[PDB]
A.B. asks: 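I am attaching a structure below and will ask some questions about it afterwards.
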Amino acid sequence: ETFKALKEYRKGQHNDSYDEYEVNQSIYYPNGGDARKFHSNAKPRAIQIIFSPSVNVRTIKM
Amino acid sequence: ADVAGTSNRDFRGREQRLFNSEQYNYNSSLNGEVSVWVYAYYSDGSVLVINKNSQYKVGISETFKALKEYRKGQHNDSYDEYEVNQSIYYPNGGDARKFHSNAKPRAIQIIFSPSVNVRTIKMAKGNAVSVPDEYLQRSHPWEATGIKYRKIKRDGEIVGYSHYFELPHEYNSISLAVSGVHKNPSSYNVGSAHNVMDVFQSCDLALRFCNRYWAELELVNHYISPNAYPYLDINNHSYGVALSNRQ
Amino acid sequence: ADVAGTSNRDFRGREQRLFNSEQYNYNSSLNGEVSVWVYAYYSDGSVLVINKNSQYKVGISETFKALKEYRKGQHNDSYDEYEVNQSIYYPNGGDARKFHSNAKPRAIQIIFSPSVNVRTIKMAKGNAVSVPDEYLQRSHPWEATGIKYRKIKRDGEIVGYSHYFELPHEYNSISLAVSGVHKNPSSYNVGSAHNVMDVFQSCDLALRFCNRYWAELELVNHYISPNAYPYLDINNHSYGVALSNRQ
Amino acid sequence: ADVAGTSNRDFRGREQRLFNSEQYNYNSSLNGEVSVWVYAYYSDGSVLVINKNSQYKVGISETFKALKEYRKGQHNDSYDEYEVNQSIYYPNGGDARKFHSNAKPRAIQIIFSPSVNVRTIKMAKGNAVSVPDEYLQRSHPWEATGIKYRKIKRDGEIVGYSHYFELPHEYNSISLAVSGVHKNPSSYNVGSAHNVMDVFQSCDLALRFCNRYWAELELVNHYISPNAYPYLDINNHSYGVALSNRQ
Ligand SMILES: Nc1nc2c(ncn2[C@@H]2O[C@H](COP(=O)(O)OP(=O)(O)OP(=O)(O)O)[C@@H](O)[C@H]2O)c(=O)[nH]1
Ligand SMILES: Nc1nc2c(ncn2[C@@H]2O[C@H](COP(=O)(O)OP(=O)(O)OP(=O)(O)O)[C@@H](O)[C@H]2O)c(=O)[nH]1
Ligand SMILES: Nc1nc2c(ncn2[C@@H]2O[C@H](COP(=O)(O)OP(=O)(O)OP(=O)(O)O)[C@@H](O)[C@H]2O)c(=O)[nH]1
Ligand SMILES: Nc1ncnc2c1ncn2[C@@H]1O[C@H](COP(=O)(O)OP(=O)(O)OP(=O)(O)O)[C@@H](O)[C@H]1O
Ligand SMILES: Nc1ncnc2c1ncn2[C@@H]1O[C@H](COP(=O)(O)OP(=O)(O)OP(=O)(O)O)[C@@H](O)[C@H]1O
Ligand SMILES: Nc1ncnc2c1ncn2[C@@H]1O[C@H](COP(=O)(O)OP(=O)(O)OP(=O)(O)O)[C@@H](O)[C@H]1O
Ligand SMILES: Nc1ccn([C@@H]2O[C@H](COP(=O)(O)OP(=O)(O)OP(=O)(O)O)[C@@H](O)[C@H]2O)c(=O)n1
Ligand SMILES: Nc1ccn([C@@H]2O[C@H](COP(=O)(O)OP(=O)(O)OP(=O)(O)O)[C@@H](O)[C@H]2O)c(=O)n1
Ligand SMILES: Nc1ccn([C@@H]2O[C@H](COP(=O)(O)OP(=O)(O)OP(=O)(O)O)[C@@H](O)[C@H]2O)c(=O)n1
Ligand SMILES: Nc1ccn([C@@H]2O[C@H](COP(=O)(O)OP(=O)(O)OP(=O)(O)O)[C@@H](O)[C@H]2O)c(=O)n1
Ligand SMILES: [Cl-]
Ligand SMILES: [Cl-]
Ligand SMILES: [Cl-]
Ligand SMILES: [Mg+2]
Ligand SMILES: [Mg+2]
Ligand SMILES: [Mg+2]
Ligand SMILES: [Mg+2]
Ligand SMILES: [Mg+2]
Ligand SMILES: [Mg+2]
Ligand SMILES: [Mg+2]
């Protein structure tokens, strides 16, 4: 998944979609955008990766 | 004339030092201001400042709703946040579309000017329905929290006092009121019969300010520094101007 | 040990009774809260509560506009209600599309905590432009209305005081301010020179709350009962908790 | 110590040169990345980049619809562009309000990293319904287009490979897929039984990127240059960093 695709998207609600385009430009390069916020609340705060017990743990790659 | 910076006849130098000292001391006279700031920090990095500047004593009181992030001229999920409030006022009391509102403050900093007497500071940190301690019947209406205030220092001088607490937990939903009294080392009570009507007038003359800044940077650059205000930033860095006996 | 509920050595029982009594009495000490609630009832069945909780004395003051129903996050005919206000401030002064605004309160209940002294209660019920009695020049700024307050009672105990008046007529368009003073049977004046600066601080530390509930049911279930507040409902039913010398 | 830049004991200098050479060579080892970029240029001067970075082999495949300009958070005539697509998929198949959509790419640049083997590059340039050559029945699923790739050069070093074609005609409506294989001068087949499951994993581990930039300038300054990527601009100017045996 891209950085964009991991960002919170609220189906059927407002998502500050223009401002979040600007947010992305400033994340891709420092001072690259014109966003109205320092930190997007759409950015993930954490990530959990889970595998089924049928995985071989030694083959996992990230 | 004597050469600058080599004698006691550098009157320009003496006048500069006096000018700075007079400012520091005027503020701490009974004729001077006392000021309080409440900073609410939001998860998007923005900061609501509420400031009040008055003579004799000063304070700020805000509802849980009024401390919540409000983006002027933008969308604020206003209906959903009404539902959020109902669920904060009572568990499962609302119909919101979110577990945690990003409009809720993540932290609070309270700063007082150096003209406050730290021992007179009082805080009422209530729950979301504005009750200081679980139930009114057993609530002392305030706690004296002066001992938790850290000195904000520049060049060895106390430029202010700061109390900071984070609200990083889901149950940290608060109303908040804070108050302090201007230093008075004299035995002239400003609230004695002679001057009490002047203190009542100070209630009406107190000047208030609030604004939401987009970042701590913007706050430091365009609010704190230009007005020679004290501040303590997230990295424990002190801001302010040292004036007492200094050029 | 002795068997529960058969002797004076049921210390758990004695501690329960003391705990309740201490709460009742703490509230009525000079260290305790005094609280006032104003309920505005609207024709759609919803209720605006404004509450304020403070030491020494407490009160609330609201404009005619501020008492009007406001539905957070929904449509409120906001332009038309601006026109409504102009026609309420002066006859035929506006251009509204309605004879009677459903946002106008149909009734008002004022409740005080049992820590109030009923004889200190004062109300300023003004007209829509905030004049207590027709013209400022002949207005006493308040009426002492304590004699009209009914006792809200539970188990024989006064859990609060209520004054209720309906505004069922077209000309019942009001501004409203109410105030009361915390019980003080001592001859220590809390506003005497010794403690007056603490009362000025109480002005700043007073915690405030407002919210619109959708029904009297919702108010009873999620505002009154959870916080052990007193209330009197439309069927004259008393709500509150009896604490003095009770388990 | 010896003086800088006058002897073989300038270990800082030798380390710098090695560091650069190791980077160039690591990329071209079987452990390194291979990368492809597709740039679609629009008439408003903006540029969609799609990039993919993977081990062993890499490629990108996009529908005609997905190559069309999409302005995030702005109006895109979305209904009318649905109608446009119907008329591109089949002549006179839609009801659009325009002869030529400004959302259609005016040109395409394909760039590969210098770790690609140019002889393994394959392109499927299909029509708007994703058919490589008029009809499926007579379509070879790809063309080997490596011979048309120009070397992007900086300081004598190949920093990448570019294939550019304009789509300046009304009938230049395309779907597009392109692929290349990481250099492998060894006789170890990365797709042989020993390592083939690792290549299947590379399919899942391939990192993808897309974004629309407003101008070629913005692309050069904020996408190409900061990440040390190769590029060829409209004036035939080469961008990239020369690393092999250089400080
Ligand atoms: N006091 C002092 N300041 C120093 C010293 N070394 C560097 N400084 C810097 O110089 C500043 C103070 O300089 P001065 O104001 O001229 O020294 P002072 O102690 O105030 O002496 P007075 O002007 O007589 O009041 C401080 O902010 C320091 O960062 C030092 O050894 N002593
Ligand atoms: N006092 C009293 N309560 C009754 C009686 N019959 C039923 N009750 C119920 O019991 C409750 C009070 O019971 P208790 O608290 O145990 O009686 P009490 O008068 O408080 O006696 P103490 O516990 O010694 O203070 C009331 O709320 C009544 O509804 C009765 O005859 N006398
Ligand atoms: N090689 C070379 N570079 C020149 C010459 N004149 C100017 N330059 C510039 O200098 C740069 C290369 O300088 P160097 O790296 O120090 O020379 P070099 O050929 O790499 O020699 P080595 O450091 O031993 O590898 C090039 O980018 C040129 O633009 C010249 O006559 N020969
Ligand atoms: N290098 C120094 N040596 C001795 N005294 C100094 C020196 N620098 C400053 N001082 C003096 O010591 C006093 C304290 O200055 P200082 O800068 O240490 O305090 P501060 O700014 O409040 O805290 P800090 O700089 O540690 O964040 C001032 O009078 C200052 O002039
Ligand atoms: N059935 C009873 N007989 C005698 N005394 C009672 C009885 N029930 C309650 N009491 C006592 O009489 C006092 C008054 O209780 P009561 O329930 O009548 O008052 P209340 O709740 O304020 O008003 P109400 O129940 O009439 O709405 C309390 O001390 C209570 O314990
Ligand atoms: N003035 C020069 N005379 C001789 N050799 C040079 C000179 N300038 C650079 N070189 C060397 O010749 C090689 C090619 O450098 P050059 O700058 O000509 O290629 P380029 O950057 O890929 O293409 P171009 O500069 O023509 O756009 C490098 O090793 C460089 O160090
Ligand atoms: N940095 C920004 C942010 C927003 N806006 C303007 O404000 C408008 C509304 O904000 P937007 O980001 O589009 O969010 P919403 O419309 O509220 O939500 P959504 O687009 O997801 O429906 C935008 O169209 C844009 O023109 C802007 O000038 N620049
Ligand atoms: N718990 C919720 C949240 C929202 N909505 C509906 O969705 C609409 C849009 O959401 P809202 O909360 O009003 O936010 P915005 O309109 O996007 O932003 P704002 O009101 O601040 O302009 C509301 O009018 C409301 O009718 C709802 O059904 N119940
Ligand atoms: N007496 C009135 C009432 C309304 N209008 C017009 O009708 C519009 C819509 O009515 P309004 O009073 O604004 O209510 P709503 O938009 O429906 O609700 P709200 O403003 O609270 O969102 C207004 O903008 C106003 O221009 C008018 O001409 N004169
Ligand atoms: N060939 C077309 C083009 C548009 N419309 C109508 O015009 C409206 C507005 O145009 P649209 O194509 O939807 O563009 P915008 O709303 O302006 O932009 P966007 O949808 O991207 O926000 C559409 O909803 C559609 O009903 C139409 O009748 N037939
Ligand atoms: Cl003084
Ligand atoms: Cl007491
Ligand atoms: Cl290798
Ligand atoms: Mg210092
Ligand atoms: Mg809304
Ligand atoms: Mg309107
Ligand atoms: Mg009863
Ligand atoms: Mg939008
Ligand atoms: Mg549309
Ligand atoms: Mg060159």
Side-chain angles (χ1 to χ4, degrees), chain B residues 63-66 68 77-101 103-104 126-131 134-137 170-171 173-175, chain C residues 35-53 60 62 66-76 101-113 152 154 159-168 176 207-241:
Chain B
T63 67
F64 164 83
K65 188 189 187 300
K68 290 174 71 190
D77 283 5
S78 66
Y79 183 68
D80 199 52
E81 289 297 321
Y82 169 80
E83 293 293 350
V84 162
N85 295 344
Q86 306 321 113
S87 260
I88 300 321
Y89 302 154
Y90 184 83
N92 312 119
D95 205 7
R97 292 180 176 173
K98 60 171 86 71
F99 175 97
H100 178 259
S101 171
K104 295 176 70 184
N127 67 8
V129 298
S130 300
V131 172
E134 312 174 310
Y135 295 94
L136 294 179
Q137 291 89 337
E170 212 51 48
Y171 55 78
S173 299
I174 64 171
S175 48
Chain C
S35 311
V36 60
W37 293 263
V38 177
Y39 301 93
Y41 301 84
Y42 308 112
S43 68
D44 73 6
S46 59
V47 195
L48 177 66
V49 56
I50 307 158
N51 168 44
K52 194 186 279 162
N53 302 303
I60 298 173
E62 297 299 334
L67 290 173
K68 290 174 71 190
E69 187 170 14
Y70 182 69
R71 302 191 304 164
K72 267 165 65 42
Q74 295 174 270
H75 278 304
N76 294 284
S101 171
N102 293 136
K104 295 176 70 184
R106 298 298 298 173
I108 295 278
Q109 191 171 15
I110 299 167
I111 300 190
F112 280 94
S113 71
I152 305 180
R154 303 296 308 153
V159 295
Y161 296 101
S162 159
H163 184 198
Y164 184 68
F165 46 95
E166 314 168 53
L167 308 171
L176 183 59
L207 285 178
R208 185 185 178 246
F209 173 86
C210 70
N211 189 47
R212 193 185 62 93
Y213 294 90
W214 290 350
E216 191 166 61
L217 173 68
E218 185 179 84
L219 190 82
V220 164
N221 294 351
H222 296 159
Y223 181 69
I224 299 312
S225 298
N227 302 119
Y229 292 163
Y231 190 67
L232 188 59
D233 79 11
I234 192 176
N235 291 111
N236 205 47
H237 192 99
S238 279
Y239 298 82
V241 183

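In what follows, chains are A, B, ... by sequence order, proteins preceding strands, each numbered from 1.
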A.B. asks: Give, for atom NE2 of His237(C) and atom CD1 of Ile152(C), the distance between the pair rounded to the nearest 0.5 Å.
C.D. replies: 11.5 Å
A.B. asks: Is the backbone of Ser238(C) close enough, under 3.5 Å, to the side chain of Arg154(C) for a donor and an acceptor to pair up by distance?
C.D. replies: yes
A.B. asks: Between the side chains of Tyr90(B) and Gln86(B), does any donor sit under 3.5 Å from an acceptor?
C.D. replies: no
A.B. asks: Let me see the working for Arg71(C) and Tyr82(B) under side-chain contact (heavy atoms from CB on, under 4.5 Å), right down to the final yes or no.
C.D. replies: CA-CA 9 Å; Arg71(C) 302 191 304 164; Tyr82(B) 169 80; over 6 Å; no
A.B. asks: Quick one, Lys104(C) and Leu167(C) - any side-chain contact, counting heavy atoms below 4.5 Å?
C.D. replies: no
A.B. asks: Once rounded to the nearest 0.5 Å, what's the spacing between atom CD1 of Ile110(C) and atom OH of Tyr161(C)?
C.D. replies: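 Nearest 0.5 Å value for the CD1-OH distance: 15.5 Å.
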A.B. asks: Which atom names give the shortest non-hydrogen contact between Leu67(C) and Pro105(C), and what distance separates them?
C.D. replies: O-CG, 3.6 Å
A.B. asks: Would you say the side chain of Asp44(C) lies within less than 4.5 Å of the side chain of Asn102(C), judging by non-hydrogen atoms?
C.D. replies: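 No; the side chains remain at least 4.5 Å from each other.
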A.B. asks: When you look at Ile60(C) and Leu176(C), which way does the side-chain contact (heavy atoms from CB on, under 4.5 Å) test go after all the steps?
C.D. replies: CA-CA 8 Å; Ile60(C) 298 173; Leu176(C) 183 59; over 6 Å; no
A.B. asks: Any side-chain heavy atom of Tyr229(C) sitting closer than 4.5 Å to one from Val131(B)?
C.D. replies: yes
A.B. asks: If I compare all heavy atoms of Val220(C) with all of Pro226(C), which pair ends up nearest, and what's the gap?
C.D. replies: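 In terms of heavy atoms, the two residues are closest at O-CD, 4.1 Å.
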A.B. asks: When rounded to the nearest 0.5 angstrom, what distance separates OG in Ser101(B) from CG in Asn85(B)?
C.D. replies: 8.0 Å
A.B. asks: On a heavy-atom basis, which atom in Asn127(B) and which in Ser175(B) lie closest, and how many Å separate them?
C.D. replies: O-OG, 2.7 Å
A.B. asks: One thing to verify: whether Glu62(C) and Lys52(C) come together as a salt bridge, which I'm taking to mean a side-chain N less than 4.0 angstrom from a carboxylate O.
C.D. replies: no
A.B. asks: Which label fits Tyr239(C) and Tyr231(C): parallel for a plane angle under 30°, tilted from 30 to 60°, or perpendicular past 60°?
C.D. replies: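 If you compare the ring of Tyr239(C) with that of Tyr231(C), the planes turn out tilted.
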A.B. asks: Step through it carefully: locate the ring centre of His163(C), locate the ring centre of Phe165(C), and say whether they are under 6.0 Å apart.
C.D. replies: yes
A.B. asks: Has the side chain of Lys68(B) got a donor or acceptor atom that lies under 3.5 Å from a matching backbone atom of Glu81(B)?
C.D. replies: yes
A.B. asks: Evaluate side-chain contact (heavy atoms from CB on, under 4.5 Å) for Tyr42(C) paired with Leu48(C), printing each intermediate quantity in order.
C.D. replies: CA-CA 8 Å; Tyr42(C) 308 112; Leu48(C) 177 66; 3.3 Å; yes
A.B. asks: Backbone N or O of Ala96(B) within a donor-acceptor pair of the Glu83(B) side chain at under 3.5 Å?
C.D. replies: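 Between the backbone of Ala96(B) and the side chain of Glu83(B) there is no qualifying donor-acceptor contact (under 3.5 Å).
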A.B. asks: Under a 4.0 Å threshold between the charged nitrogen and the carboxylate oxygen, would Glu69(C) count as salt-bridged to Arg106(C)?
C.D. replies: no
A.B. asks: Hey, what do you get for CH2 (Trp37(C)) to CG (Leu219(C)), rounding to the nearest 0.5 Å?
C.D. replies: 11.5 Å
A.B. asks: Closest approach of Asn76(C) and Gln74(C), non-hydrogen atoms and distance?
C.D. replies: ND2-O, 3.2 Å
A.B. asks: Kindly compute the distance separating SG (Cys210(C)) from NZ (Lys65(B)), expressed to the nearest 0.5 Å.
C.D. replies: 7.5 Å
A.B. asks: Dump the intermediate steps for side-chain contact (heavy atoms from CB on, under 4.5 Å) on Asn227(C) and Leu136(B), then the final yes or no.
C.D. replies: CA-CA 8 Å; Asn227(C) 302 119; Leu136(B) 294 179; over 6 Å; no
A.B. asks: Given side chains that start at C-beta, do those of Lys98(B) and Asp77(B) come closer than 4.5 Å, heavy atoms only?
C.D. replies: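 Result yes, sub-4.5 Å side-chain heavy-atom pair found.
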A.B. asks: Do you know the tightest heavy-atom contact between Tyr135(B) and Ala228(C)?
C.D. replies: CD2-CB, 3.8 Å
A.B. asks: Angle class for the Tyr39(C)/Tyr223(C) ring planes (parallel below 30°, perpendicular above 60°, tilted otherwise)?
C.D. replies: perpendicular
A.B. asks: At their closest point, which heavy atom of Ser130(B) faces which heavy atom of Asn53(C), and how far apart are they?
C.D. replies: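 Between these two residues, the closest heavy atoms are O-ND2, 2.9 Å.
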A.B. asks: One pair to check against salt bridge (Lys or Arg N to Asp or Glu O under 4.0 Å): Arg212(C) and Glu218(C). What are the steps and the verdict?
C.D. replies: CA-CA 10 Å; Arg212(C) 193 185 62 93; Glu218(C) 185 179 84; over 6 Å; no
A.B. asks: Say you draw a straight line from NE2 of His222(C) to OG of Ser87(B); how long is it, rounded to the nearest 0.5 Å?
C.D. replies: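 Here the rounded value is 9.0 Å.
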